[PDB]
């Protein structure tokens, strides 16, 4: 991979983010992106500020310049798609920062694990093309064939890990270059385990494992830590419904458009198009959000908060408030 330039770094470093608190649970990334005509630079500056503010990179021998180079190498591998773009991963990083520090989940993890989770957020969807794992398998695309042949159906998640490893193989963008031995190994393994756990086909089993470990006072400590990391990255990845309504709605619009684009390509290839991906089904945004709330997000957040993560109660409260607001949209239609 080609080295990040001085000029690229400077375009991020000029962004001052006046009037934003990147640590706040009501921080608004959409407003941040509308605040200037260089939203990719503002997004990178948000990630840079979150990581320096944690005080963690400093502790692990990662210089300011190596951090910024890493952020920019991640940025170059995100595509111009409606949802799974650079803004999604910065949002996940910011959201995880709030879970760790506003929700006090940092108390369950080492400082290194906190640092790994914040970094992992930025790599977890590298080179996403706006198509899900199912698309690659149904169309027998080359990447799908490779996944089936090699025995792992998490087509995208393995791909994301490959590209993360590539970025980290150059010292100038290796945020773990200050580590060695077991610490270095833990950093890479925990990052990869977390990325692999973001495949939604593994949602129920990842949640059940975490819950069983949290309930067991004799759970293996290293295993509990690892599952806690996995669960936090998953939480960030389905956190759009835990945000103030207008932010939540803007994420819902972006993800719907990305799904519809997949369905349009699936039609053209003559493969199965699920209702959720079909433009001509006209499905209402409100009903889709209520369904995602009721069947995925509300139970996930309630269960993890009740099991262990009491400081994250606000997520459950905001989901409830958003559900009531979508119900008002239906009531008044």
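Numbering follows the first chain given and starts at 1. If you superpose the two forms and keep the largest set of C-alpha atoms that fall within 1.5 Å, you have the rigid core.
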Output the stretch, either 300 to 308 or 278 to 286, that has more C-alpha displacement from this form in 9 other deposited structures of this protein following superposition by the rigid core.
278 to 286
Average Cα temperature factor in the PDB entry - higher stretch of 188 to 196, 175 to 183:
175 to 183
Can you tell me which stretch has the higher mean Cα B-factor, 139 to 147 or 218 to 226?
139 to 147
Which third, lowest, middle or highest, does the C-alpha temperature factor of residue 319 belong to within its own chain?
lowest
Going by the recorded CA B-factors, say which third of the chain residue 302 sits in, lowest, middle or highest.
middle
Ranked C-alpha temperature factor of residue 277 among modelled chain residues, by third:
highest
Would you please rank residue 133 by its C-alpha temperature factor against the other modelled residues of its chain and give the third it falls in: lowest, middle or highest?
middle
Ranked C-alpha temperature factor of residue 76 among modelled chain residues, by third
highest
